[PDB]
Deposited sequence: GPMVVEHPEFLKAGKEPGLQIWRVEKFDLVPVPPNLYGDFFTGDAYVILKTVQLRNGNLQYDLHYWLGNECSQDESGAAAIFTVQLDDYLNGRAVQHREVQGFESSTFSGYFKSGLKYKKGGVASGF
């Protein structure tokens, strides 16, 4: 029933959410590829349907954010009938597949949304 689950994985493409106060909040598309080092994110890549879920952990994100990113990843996978492959992505050590989703490459920014804790 979570609105963003209802949107997940319907069309080929790239969906990015940021953990914000224990919720999954869409990232504005103009910011795709820039990642706040203070935050954690969930990324669903859909291919025409194949699913790859990556959860990206900034070096300064708080424990509530990285934990929620892990749990939301599991919940999204279950919503997709277990069909997604899950990938943990740590800032600066991301997989070549994850980096490959962004034409301009991965970049990082200082700051982030406040911890829910």
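Wait, which stretches of the deposited chain are just not there in the structure? Those parts of the chain that were deposited but carry no coordinates are 1-5, 54-58.
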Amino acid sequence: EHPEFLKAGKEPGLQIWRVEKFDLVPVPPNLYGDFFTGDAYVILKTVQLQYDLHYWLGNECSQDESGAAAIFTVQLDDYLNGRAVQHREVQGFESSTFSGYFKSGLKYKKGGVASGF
From here on, numbers count along this sequence of modelled residues.
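Averaging C-alpha B-factors over each stretch, which comes out higher, 22-30 or 64-72? Between 22-30 and 64-72, it is 22-30.
Averaging only over Cα atoms, indicate whether 103-111 or 89-97 has the higher B-factor in the PDB entry. Averaging CA B-factors over each stretch, the winner is 103-111.
Thinking about Cα B factors across the chain, which third does residue 57 belong to? Within its chain, residue 57 is a lowest-third residue by C-alpha B-factor, going by the deposited values.
Please place residue 44 in the lowest, middle or highest third of its chain according to the CA B-factor in the PDB entry. Middle third.
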